[PDB]
$ cat upload-v5.csv   # CSV, C-alpha atoms and all ligand atoms
chain,number,residue,atom,x,y,z
J,4,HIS,CA,0.0,0.0,0.0
J,5,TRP,CA,1.1,3.6,-0.5
J,6,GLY,CA,2.6,5.5,2.4
J,7,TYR,CA,5.6,7.8,3.3
J,8,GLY,CA,8.5,5.3,3.3
J,9,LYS,CA,11.5,4.5,1.0
J,10,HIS,CA,9.6,1.6,-0.5
J,11,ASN,CA,6.1,3.2,-0.8
J,12,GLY,CA,6.5,7.0,-0.4
J,13,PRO,CA,5.8,9.9,-2.8
J,14,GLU,CA,8.4,8.9,-5.5
J,15,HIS,CA,6.5,5.5,-5.9
J,16,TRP,CA,2.9,6.8,-6.0
J,17,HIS,CA,2.8,7.4,-9.8
J,18,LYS,CA,2.9,3.5,-10.4
J,19,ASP,CA,-0.6,3.1,-8.8
J,20,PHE,CA,-1.8,6.7,-9.5
J,21,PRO,CA,-0.3,7.9,-12.8
J,22,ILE,CA,-2.0,11.4,-12.2
J,23,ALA,CA,1.0,11.9,-9.8
J,24,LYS,CA,2.9,13.3,-12.8
J,25,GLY,CA,-0.1,15.4,-14.0
J,26,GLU,CA,-0.4,19.0,-14.9
J,27,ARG,CA,-2.0,20.4,-11.7
J,28,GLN,CA,-0.4,18.5,-8.8
J,29,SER,CA,0.0,19.7,-5.2
J,30,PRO,CA,1.7,20.9,-3.1
J,31,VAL,CA,3.9,23.5,-4.8
J,32,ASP,CA,6.6,26.0,-3.7
J,33,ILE,CA,5.0,29.5,-3.4
J,34,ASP,CA,7.5,31.9,-4.9
J,35,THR,CA,6.4,35.1,-3.1
J,36,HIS,CA,8.1,37.5,-5.6
J,37,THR,CA,6.3,35.8,-8.6
J,38,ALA,CA,2.8,35.4,-7.1
J,39,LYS,CA,0.7,38.3,-8.5
J,40,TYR,CA,-1.6,40.4,-6.3
J,41,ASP,CA,-5.0,40.0,-7.8
J,42,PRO,CA,-7.3,42.9,-6.8
J,43,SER,CA,-10.3,40.9,-8.2
J,44,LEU,CA,-9.9,38.3,-5.4
J,45,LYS,CA,-12.4,38.6,-2.5
J,46,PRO,CA,-11.8,38.3,1.2
J,47,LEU,CA,-12.2,34.7,2.4
J,48,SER,CA,-15.5,34.0,4.2
J,49,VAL,CA,-14.8,31.3,6.8
J,50,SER,CA,-18.2,30.6,8.6
J,51,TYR,CA,-17.4,28.0,11.3
J,52,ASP,CA,-19.7,29.3,14.2
J,53,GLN,CA,-22.1,26.2,13.7
J,54,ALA,CA,-19.4,23.6,12.9
J,55,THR,CA,-20.3,20.2,14.5
J,56,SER,CA,-17.2,17.9,15.0
J,57,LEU,CA,-18.1,14.2,15.4
J,58,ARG,CA,-15.0,12.1,15.7
J,59,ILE,CA,-11.2,11.9,15.4
J,60,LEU,CA,-9.7,9.0,13.4
J,61,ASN,CA,-6.1,7.6,12.9
J,62,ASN,CA,-6.3,6.4,9.2
J,63,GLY,CA,-2.6,5.2,9.2
J,64,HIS,CA,-1.4,8.3,7.3
J,65,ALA,CA,-2.6,11.2,9.6
J,66,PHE,CA,-5.4,11.9,12.1
J,67,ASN,CA,-8.7,13.3,10.7
J,68,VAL,CA,-11.1,15.5,12.8
J,69,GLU,CA,-14.5,14.9,11.1
J,70,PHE,CA,-17.5,17.1,10.9
J,71,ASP,CA,-21.2,16.5,10.3
J,72,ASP,CA,-21.5,17.9,6.8
J,73,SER,CA,-25.2,16.8,6.4
J,74,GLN,CA,-26.3,20.5,6.5
J,75,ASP,CA,-24.8,23.9,5.5
J,76,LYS,CA,-23.3,24.7,8.9
J,77,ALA,CA,-19.5,25.2,8.5
J,78,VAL,CA,-18.8,26.7,5.1
J,79,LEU,CA,-16.0,28.4,3.1
J,80,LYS,CA,-17.0,30.9,0.3
J,81,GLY,CA,-15.6,34.0,-1.3
J,82,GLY,CA,-11.9,34.4,-1.9
J,83,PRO,CA,-11.4,32.8,-5.3
J,84,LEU,CA,-14.4,30.5,-5.0
J,85,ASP,CA,-17.7,30.5,-6.8
J,86,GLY,CA,-20.5,29.2,-4.5
J,87,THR,CA,-20.5,27.3,-1.2
J,88,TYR,CA,-18.0,24.7,0.1
J,89,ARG,CA,-18.9,22.6,3.2
J,90,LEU,CA,-16.3,21.6,5.8
J,91,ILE,CA,-15.9,17.8,6.0
J,92,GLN,CA,-12.7,17.3,7.9
J,93,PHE,CA,-9.3,18.6,8.9
J,94,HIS,CA,-5.9,16.9,9.3
J,95,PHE,CA,-2.2,17.9,9.5
J,96,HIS,CA,1.1,17.0,7.9
J,97,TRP,CA,4.2,17.2,10.0
J,98,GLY,CA,7.9,16.3,10.3
J,99,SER,CA,10.3,14.3,12.4
J,100,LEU,CA,12.0,17.6,13.3
J,101,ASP,CA,10.8,21.3,13.3
J,102,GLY,CA,12.7,22.1,10.0
J,103,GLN,CA,10.3,20.0,7.9
J,104,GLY,CA,6.7,18.9,7.8
J,105,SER,CA,4.8,21.3,5.6
J,106,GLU,CA,3.7,20.4,2.1
J,107,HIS,CA,3.5,23.8,0.6
J,108,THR,CA,6.8,25.8,1.0
J,109,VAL,CA,7.2,29.6,0.8
J,110,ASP,CA,10.4,30.7,-1.1
J,111,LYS,CA,11.6,27.1,-0.3
J,112,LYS,CA,11.0,27.5,3.4
J,113,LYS,CA,9.5,24.4,5.1
J,114,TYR,CA,7.3,24.9,8.2
J,115,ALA,CA,7.1,22.4,11.0
J,116,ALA,CA,3.6,21.3,10.0
J,117,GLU,CA,0.6,22.2,7.8
J,118,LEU,CA,-3.1,22.1,8.7
J,119,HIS,CA,-5.6,21.2,5.9
J,120,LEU,CA,-9.3,22.1,6.3
J,121,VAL,CA,-11.1,20.2,3.5
J,122,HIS,CA,-14.3,21.5,2.0
J,123,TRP,CA,-16.5,20.2,-0.9
J,124,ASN,CA,-18.6,22.2,-3.4
J,125,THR,CA,-22.3,21.8,-2.5
J,126,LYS,CA,-23.3,22.1,-6.2
J,127,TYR,CA,-22.1,18.4,-6.6
J,128,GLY,CA,-24.2,17.1,-3.7
J,129,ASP,CA,-21.6,14.7,-2.1
J,130,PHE,CA,-17.9,14.6,-1.6
J,131,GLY,CA,-17.5,11.5,-3.9
J,132,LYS,CA,-19.0,13.4,-6.8
J,133,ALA,CA,-17.1,16.6,-5.9
J,134,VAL,CA,-13.7,14.9,-6.2
J,135,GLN,CA,-14.5,14.1,-9.9
J,136,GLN,CA,-14.8,17.8,-10.7
J,137,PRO,CA,-12.0,20.4,-11.3
J,138,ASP,CA,-13.7,22.8,-8.8
J,139,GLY,CA,-15.0,20.1,-6.5
J,140,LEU,CA,-12.9,20.8,-3.3
J,141,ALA,CA,-11.4,23.8,-1.6
J,142,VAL,CA,-8.6,23.1,0.9
J,143,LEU,CA,-7.6,25.9,3.3
J,144,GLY,CA,-3.9,25.4,4.2
J,145,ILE,CA,-2.4,26.9,7.4
J,146,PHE,CA,1.3,26.7,8.3
J,147,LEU,CA,2.5,25.8,11.8
J,148,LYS,CA,5.7,27.1,13.3
J,149,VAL,CA,7.1,26.1,16.7
J,150,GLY,CA,7.0,28.7,19.4
J,151,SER,CA,4.1,29.7,21.8
J,152,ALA,CA,1.3,27.1,22.3
J,153,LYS,CA,-1.9,27.3,20.4
J,154,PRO,CA,-4.5,27.0,23.2
J,155,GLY,CA,-7.3,26.0,20.6
J,156,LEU,CA,-5.1,23.0,19.5
J,157,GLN,CA,-4.7,21.4,23.0
J,158,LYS,CA,-8.1,19.5,22.9
J,159,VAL,CA,-6.8,17.8,19.7
J,160,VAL,CA,-3.4,17.1,21.3
J,161,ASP,CA,-4.9,15.6,24.4
J,162,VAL,CA,-7.1,13.0,22.5
J,163,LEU,CA,-4.2,11.6,20.4
J,164,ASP,CA,-3.1,9.1,23.2
J,165,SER,CA,-6.5,7.4,22.5
J,166,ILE,CA,-5.9,7.0,18.7
J,167,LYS,CA,-2.2,6.0,18.7
J,168,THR,CA,-2.6,3.4,16.0
J,169,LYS,CA,-4.0,2.9,12.5
J,170,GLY,CA,-7.8,2.3,12.6
J,171,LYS,CA,-8.5,3.8,16.1
J,172,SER,CA,-11.2,6.5,16.4
J,173,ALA,CA,-12.6,8.5,19.4
J,174,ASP,CA,-15.8,10.6,19.9
J,175,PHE,CA,-14.6,14.2,19.3
J,176,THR,CA,-17.7,16.5,19.6
J,177,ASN,CA,-17.9,20.2,20.1
J,178,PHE,CA,-14.4,21.0,18.8
J,179,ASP,CA,-14.3,24.6,17.4
J,180,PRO,CA,-12.0,24.9,14.4
J,181,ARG,CA,-12.0,28.8,14.7
J,182,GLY,CA,-9.4,28.2,17.4
J,183,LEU,CA,-6.9,27.0,14.7
J,184,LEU,CA,-7.0,30.1,12.6
J,185,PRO,CA,-4.4,32.9,12.5
J,186,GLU,CA,-5.4,36.6,12.8
J,187,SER,CA,-5.1,37.4,9.1
J,188,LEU,CA,-7.0,35.7,6.2
J,189,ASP,CA,-4.5,37.0,3.6
J,190,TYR,CA,-3.9,34.1,1.2
J,191,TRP,CA,-2.3,32.6,-1.9
J,192,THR,CA,-4.4,30.6,-4.3
J,193,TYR,CA,-3.8,28.2,-7.2
J,194,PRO,CA,-5.5,25.2,-8.9
J,195,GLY,CA,-4.1,21.8,-7.7
J,196,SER,CA,-4.8,18.4,-6.4
J,197,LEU,CA,-5.2,16.1,-3.4
J,198,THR,CA,-1.7,15.7,-1.9
J,199,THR,CA,-2.3,12.0,-1.1
J,200,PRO,CA,-3.5,9.2,-3.4
J,201,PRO,CA,-5.8,9.3,-5.3
J,202,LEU,CA,-4.1,12.7,-6.1
J,203,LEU,CA,-7.2,13.9,-8.0
J,204,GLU,CA,-7.0,17.3,-9.7
J,205,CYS,CA,-10.1,18.7,-8.0
J,206,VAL,CA,-8.8,21.3,-5.5
J,207,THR,CA,-8.8,25.1,-5.3
J,208,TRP,CA,-5.9,25.6,-2.8
J,209,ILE,CA,-6.1,28.6,-0.4
J,210,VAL,CA,-2.9,28.9,1.6
J,211,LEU,CA,-2.9,31.5,4.4
J,212,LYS,CA,0.2,33.7,4.6
J,213,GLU,CA,0.2,34.0,8.4
J,214,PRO,CA,1.3,30.8,10.2
J,215,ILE,CA,-0.1,29.7,13.6
J,216,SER,CA,2.4,29.1,16.5
J,217,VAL,CA,2.2,25.7,18.3
J,218,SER,CA,4.5,24.7,21.2
J,219,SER,CA,7.3,22.1,20.9
J,220,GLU,CA,5.2,20.0,23.3
J,221,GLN,CA,2.2,20.1,21.1
J,222,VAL,CA,4.0,18.9,17.9
J,223,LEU,CA,6.0,16.3,19.9
J,224,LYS,CA,2.6,14.7,20.7
J,225,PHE,CA,1.8,14.5,16.9
J,226,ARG,CA,5.1,12.6,16.5
J,227,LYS,CA,4.1,10.0,19.1
J,228,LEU,CA,1.3,8.7,16.8
J,229,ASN,CA,1.9,5.5,14.9
J,230,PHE,CA,1.5,4.6,11.2
J,231,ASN,CA,1.1,1.0,12.2
J,232,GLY,CA,-2.0,-0.8,13.7
J,233,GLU,CA,-2.3,-2.0,17.3
J,234,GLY,CA,0.0,-5.0,18.0
J,235,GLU,CA,2.3,-4.2,14.9
J,236,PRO,CA,6.0,-3.1,15.0
J,237,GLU,CA,6.2,0.6,15.9
J,238,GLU,CA,6.7,3.1,13.0
J,239,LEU,CA,6.3,6.7,14.4
J,240,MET,CA,3.9,8.8,12.3
J,241,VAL,CA,6.3,11.5,11.1
J,242,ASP,CA,7.2,13.0,7.7
J,243,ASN,CA,3.7,12.4,6.3
J,244,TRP,CA,4.2,15.2,3.7
J,245,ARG,CA,4.5,15.1,-0.1
J,246,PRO,CA,7.3,17.4,-1.4
J,247,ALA,CA,6.6,20.3,-3.7
J,248,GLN,CA,5.6,19.3,-7.3
J,249,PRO,CA,6.2,21.1,-10.6
J,250,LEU,CA,4.1,24.3,-11.0
J,251,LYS,CA,3.8,23.7,-14.8
J,252,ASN,CA,1.3,26.0,-16.5
J,253,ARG,CA,-0.1,27.6,-13.3
J,254,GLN,CA,-0.2,31.1,-11.7
J,255,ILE,CA,-0.3,31.6,-7.9
J,256,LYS,CA,-2.4,34.6,-7.0
J,257,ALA,CA,-2.1,36.7,-3.9
J,258,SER,CA,-5.1,38.3,-2.1
J,259,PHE,CA,-2.8,41.0,-0.6
J,260,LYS,CA,-0.2,43.6,-1.6
J,301,LIG,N1,-3.8,16.4,1.9
J,301,LIG,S1,-5.2,16.5,1.2
J,301,LIG,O1,-5.1,16.8,-0.3
J,301,LIG,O2,-6.1,17.4,1.9
J,301,LIG,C1,-5.9,14.9,1.1
J,301,LIG,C2,-6.1,14.4,2.5
J,301,LIG,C3,-6.3,12.9,2.4
J,301,LIG,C4,-7.7,12.5,2.0
J,301,LIG,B1,-7.8,10.9,1.2
J,301,LIG,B2,-9.2,11.1,0.1
J,301,LIG,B3,-9.4,10.2,1.7
J,301,LIG,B4,-10.6,11.4,1.1
J,301,LIG,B5,-9.9,12.7,0.2
J,301,LIG,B6,-8.1,12.5,0.3
J,301,LIG,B7,-8.9,13.6,1.4
J,301,LIG,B8,-9.0,12.7,3.0
J,301,LIG,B9,-10.1,11.4,2.8
J,301,LIG,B10,-8.4,11.1,2.9
J,301,LIG,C5,-10.3,12.8,1.9
J,302,ZN,ZN,-3.5,17.3,3.6
$ encode --input "upload-v5.csv" --output "structure tokens"
Amino acid sequence: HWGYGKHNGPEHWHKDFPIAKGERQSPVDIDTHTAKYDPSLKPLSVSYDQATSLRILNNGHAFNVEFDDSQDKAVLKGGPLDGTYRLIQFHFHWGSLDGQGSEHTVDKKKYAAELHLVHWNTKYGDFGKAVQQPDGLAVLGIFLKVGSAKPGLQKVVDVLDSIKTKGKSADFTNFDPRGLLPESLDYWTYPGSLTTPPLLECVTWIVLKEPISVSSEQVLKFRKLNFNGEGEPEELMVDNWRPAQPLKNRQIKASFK
């Protein structure tokens, strides 16, 4: 099966998923000098007041915080988007050390981790139909640097001991993802893909410029998770990031001067 190792990591994925070498793959390096300010881009509208988290899951690649997406509650709109995108889950990518972990890079700078809030376009009715469309998903990406603790992250950190291994889940209700957002919603945007198999080219990426700070202790708890299932040899869940892919025929647009 695909994963993040020497034998099954990103440089192997193209064998089972040939779109890995496609024209709109993610992540990418954001060259800040080349990204053009687009005065036509709108402010991002992040409406998470009514978000209903259900559960947290270790899927063997990351942990997913899942939301009830059966109504228009938690939605992303505006920015570069046409229409309404519903929050379905968030997860992170992180490193074995603070100098790597992010998927997007900024002038080749790697952050310690990257948060992905995944949303689907309600015009396609369900997530499985949305991923078959070039405008099916919007993923809001947020960089993590190590410094001060993020108080709004601690409820996630504290539940990880209960989902150490692949296939473990835990009730995770009433988690407010507003506590994971930075102050500024300034962003870069470009058309891309899922960054894990099946690598579908269905994503409008919205990457916030301002990182959030998390503590060394918070990210060290991410690194205690396991890729393996219960009663299997321990492989620490670290370095679950895909490197930057070729930009090809794409423009990265900035919301800000
Ligand atoms: N890094 S990313 O592009 O947000 C994709 C995250 C991984 C996935 B795979 B497939 B299943 B499904 B799609 B993809 B996104 B979560 B579940 B799992 C959803
Ligand atoms: Zn992701």
$ closest_residue --input "upload-v5.csv" --among "J:230, J:114, J:70, J:40" --to "residue 100 in chain J" --atoms "only C-alpha atoms"
J:114
$ closest_atom_pairs --input "upload-v5.csv" --of "range 5-124 of chain J" --to "range 247-254 of chain J" --cutoff "7 Å" --atoms "all atoms listed in the file" --output "tab-separated table"
residue	atom	partner	partner_atom	distance
J:26	CA	J:251	CA	6.3
J:28	CA	J:248	CA	6.2
J:29	CA	J:248	CA	6.0
J:30	CA	J:247	CA	5.0
J:31	CA	J:247	CA	4.3
J:32	CA	J:247	CA	5.7
J:38	CA	J:254	CA	7.0
J:106	CA	J:247	CA	6.5
J:107	CA	J:247	CA	6.4
$ closest_residue --input "upload-v5.csv" --among "J:199, J:56, J:219, J:62" --to "residue 166 in chain J" --atoms "only C-alpha atoms"
J:62
$ residues_around --input "upload-v5.csv" --residues "residue 58 in chain J" --least-positions-apart "3" --cutoff "6 Å" --atoms "only C-alpha atoms" --output "NGL selection string"
:J and (68-69 or 173-175)
$ residues_near_ligand --input "upload-v5.csv" --ligand "ligand LIG 301 (chain J)" --cutoff "6 Å" --atoms "only C-alpha atoms and all ligand atoms" --output "mmCIF file with C-alpha atoms, keeping the file's coordinate frame"
data_model
loop_
_atom_site.group_PDB
_atom_site.id
_atom_site.type_symbol
_atom_site.label_atom_id
_atom_site.label_comp_id
_atom_site.auth_asym_id
_atom_site.auth_seq_id
_atom_site.Cartn_x
_atom_site.Cartn_y
_atom_site.Cartn_z
ATOM 1 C CA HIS J 119 -5.600 21.200 5.900
ATOM 2 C CA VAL J 121 -11.100 20.200 3.500
ATOM 3 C CA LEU J 197 -5.200 16.100 -3.400
ATOM 4 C CA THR J 198 -1.700 15.700 -1.900
ATOM 5 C CA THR J 199 -2.300 12.000 -1.100
#
$ atom_distance --input "upload-v5.csv" --atom1 "CA of residue 18 in chain J" --atom2 "CA of residue 238 in chain J"
23.7 Å
$ atom_distance --input "upload-v5.csv" --atom1 "CA of residue 180 in chain J" --atom2 "CA of residue 218 in chain J"
17.8 Å
$ closest_atom_pairs --input "upload-v5.csv" --of "chain J" --to "ligand ZN 302 (chain J)" --cutoff "12 Å" --atoms "all atoms listed in the file" --output "tab-separated table"
residue	atom	partner	partner_atom	distance
J:29	CA	J:ZN302	ZN	9.8
J:30	CA	J:ZN302	ZN	9.2
J:64	CA	J:ZN302	ZN	10.0
J:65	CA	J:ZN302	ZN	8.6
J:66	CA	J:ZN302	ZN	10.2
J:67	CA	J:ZN302	ZN	9.7
J:92	CA	J:ZN302	ZN	10.2
J:93	CA	J:ZN302	ZN	8.0
J:94	CA	J:ZN302	ZN	6.2
J:95	CA	J:ZN302	ZN	6.1
J:96	CA	J:ZN302	ZN	6.3
J:97	CA	J:ZN302	ZN	10.0
J:104	CA	J:ZN302	ZN	11.1
J:105	CA	J:ZN302	ZN	9.4
J:106	CA	J:ZN302	ZN	8.0
J:107	CA	J:ZN302	ZN	10.0
J:116	CA	J:ZN302	ZN	10.4
J:117	CA	J:ZN302	ZN	7.6
J:118	CA	J:ZN302	ZN	7.0
J:119	CA	J:ZN302	ZN	5.0
J:120	CA	J:ZN302	ZN	8.0
J:121	CA	J:ZN302	ZN	8.1
J:122	CA	J:ZN302	ZN	11.7
J:141	CA	J:ZN302	ZN	11.5
J:142	CA	J:ZN302	ZN	8.2
J:143	CA	J:ZN302	ZN	9.5
J:144	CA	J:ZN302	ZN	8.1
J:145	CA	J:ZN302	ZN	10.4
J:146	CA	J:ZN302	ZN	11.6
J:196	CA	J:ZN302	ZN	10.1
J:197	CA	J:ZN302	ZN	7.3
J:198	CA	J:ZN302	ZN	6.0
J:199	CA	J:ZN302	ZN	7.2
J:200	CA	J:ZN302	ZN	10.7
J:202	CA	J:ZN302	ZN	10.8
J:206	CA	J:ZN302	ZN	11.3
J:208	CA	J:ZN302	ZN	10.8
J:210	CA	J:ZN302	ZN	11.8
J:243	CA	J:ZN302	ZN	9.1
J:244	CA	J:ZN302	ZN	8.0
J:245	CA	J:ZN302	ZN	9.1
J:246	CA	J:ZN302	ZN	11.9
$ closest_residue --input "upload-v5.csv" --among "J:12, J:195, J:83, J:236" --to "residue 47 in chain J" --atoms "all atoms listed in the file"
J:83
$ atom_distance --input "upload-v5.csv" --atom1 "CA of residue 163 in chain J" --atom2 "CA of residue 223 in chain J"
11.2 Å
$ residues_around --input "upload-v5.csv" --residues "residue 257 in chain J" --least-positions-apart "3" --cutoff "9 Å" --atoms "all atoms listed in the file" --output "PyMOL selection string"
chain J and resi 35+38-42+44+189-192+260
$ residues_around --input "upload-v5.csv" --residues "residue 152 in chain J" --least-positions-apart "2" --cutoff "8 Å" --atoms "all atoms listed in the file" --output "MDAnalysis selection string"
chainID J and resid 150 154 216:219 221
$ decode --input "upload-v5.csv" --residues "range 90-166 of chain J" --atoms "C-alpha atoms" --output "mmCIF file, in the first residue's frame"
data_model
loop_
_atom_site.group_PDB
_atom_site.id
_atom_site.type_symbol
_atom_site.label_atom_id
_atom_site.label_comp_id
_atom_site.auth_asym_id
_atom_site.auth_seq_id
_atom_site.Cartn_x
_atom_site.Cartn_y
_atom_site.Cartn_z
ATOM 1 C CA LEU J 90 -16.271 21.596 5.781
ATOM 2 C CA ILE J 91 -15.935 17.768 5.965
ATOM 3 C CA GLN J 92 -12.672 17.256 7.930
ATOM 4 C CA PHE J 93 -9.285 18.620 8.881
ATOM 5 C CA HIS J 94 -5.918 16.943 9.301
ATOM 6 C CA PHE J 95 -2.225 17.866 9.476
ATOM 7 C CA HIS J 96 1.086 16.954 7.852
ATOM 8 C CA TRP J 97 4.218 17.193 10.014
ATOM 9 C CA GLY J 98 7.893 16.319 10.258
ATOM 10 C CA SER J 99 10.316 14.284 12.361
ATOM 11 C CA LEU J 100 12.007 17.633 13.292
ATOM 12 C CA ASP J 101 10.811 21.252 13.317
ATOM 13 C CA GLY J 102 12.703 22.061 10.035
ATOM 14 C CA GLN J 103 10.302 20.035 7.861
ATOM 15 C CA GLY J 104 6.705 18.887 7.769
ATOM 16 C CA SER J 105 4.797 21.340 5.585
ATOM 17 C CA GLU J 106 3.681 20.359 2.082
ATOM 18 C CA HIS J 107 3.545 23.840 0.589
ATOM 19 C CA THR J 108 6.752 25.843 0.960
ATOM 20 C CA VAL J 109 7.250 29.625 0.844
ATOM 21 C CA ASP J 110 10.382 30.698 -1.067
ATOM 22 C CA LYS J 111 11.568 27.072 -0.332
ATOM 23 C CA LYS J 112 10.989 27.530 3.446
ATOM 24 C CA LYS J 113 9.494 24.430 5.075
ATOM 25 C CA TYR J 114 7.295 24.910 8.160
ATOM 26 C CA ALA J 115 7.075 22.379 11.022
ATOM 27 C CA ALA J 116 3.565 21.307 9.954
ATOM 28 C CA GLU J 117 0.575 22.231 7.781
ATOM 29 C CA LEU J 118 -3.125 22.107 8.656
ATOM 30 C CA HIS J 119 -5.614 21.246 5.859
ATOM 31 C CA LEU J 120 -9.294 22.083 6.273
ATOM 32 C CA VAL J 121 -11.073 20.179 3.493
ATOM 33 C CA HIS J 122 -14.338 21.477 1.995
ATOM 34 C CA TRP J 123 -16.541 20.198 -0.868
ATOM 35 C CA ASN J 124 -18.588 22.187 -3.380
ATOM 36 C CA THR J 125 -22.257 21.783 -2.465
ATOM 37 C CA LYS J 126 -23.264 22.091 -6.171
ATOM 38 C CA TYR J 127 -22.068 18.413 -6.567
ATOM 39 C CA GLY J 128 -24.225 17.079 -3.688
ATOM 40 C CA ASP J 129 -21.625 14.706 -2.070
ATOM 41 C CA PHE J 130 -17.851 14.563 -1.570
ATOM 42 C CA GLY J 131 -17.453 11.496 -3.864
ATOM 43 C CA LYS J 132 -19.040 13.392 -6.795
ATOM 44 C CA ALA J 133 -17.123 16.593 -5.933
ATOM 45 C CA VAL J 134 -13.658 14.926 -6.204
ATOM 46 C CA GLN J 135 -14.473 14.057 -9.867
ATOM 47 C CA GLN J 136 -14.767 17.806 -10.725
ATOM 48 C CA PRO J 137 -12.016 20.393 -11.303
ATOM 49 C CA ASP J 138 -13.749 22.781 -8.850
ATOM 50 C CA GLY J 139 -14.995 20.077 -6.471
ATOM 51 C CA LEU J 140 -12.900 20.834 -3.343
ATOM 52 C CA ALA J 141 -11.421 23.841 -1.569
ATOM 53 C CA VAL J 142 -8.624 23.132 0.901
ATOM 54 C CA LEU J 143 -7.612 25.855 3.329
ATOM 55 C CA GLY J 144 -3.938 25.385 4.231
ATOM 56 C CA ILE J 145 -2.391 26.885 7.364
ATOM 57 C CA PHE J 146 1.300 26.679 8.278
ATOM 58 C CA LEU J 147 2.468 25.773 11.802
ATOM 59 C CA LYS J 148 5.696 27.105 13.324
ATOM 60 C CA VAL J 149 7.051 26.085 16.738
ATOM 61 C CA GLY J 150 6.982 28.750 19.449
ATOM 62 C CA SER J 151 4.092 29.715 21.755
ATOM 63 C CA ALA J 152 1.342 27.103 22.331
ATOM 64 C CA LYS J 153 -1.929 27.310 20.376
ATOM 65 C CA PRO J 154 -4.545 26.985 23.151
ATOM 66 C CA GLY J 155 -7.270 26.009 20.623
ATOM 67 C CA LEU J 156 -5.149 23.002 19.485
ATOM 68 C CA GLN J 157 -4.735 21.446 22.975
ATOM 69 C CA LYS J 158 -8.107 19.501 22.897
ATOM 70 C CA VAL J 159 -6.813 17.763 19.703
ATOM 71 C CA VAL J 160 -3.353 17.054 21.257
ATOM 72 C CA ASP J 161 -4.918 15.585 24.429
ATOM 73 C CA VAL J 162 -7.085 12.999 22.511
ATOM 74 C CA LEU J 163 -4.154 11.607 20.422
ATOM 75 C CA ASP J 164 -3.134 9.091 23.180
ATOM 76 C CA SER J 165 -6.547 7.354 22.516
ATOM 77 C CA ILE J 166 -5.949 6.982 18.707
#
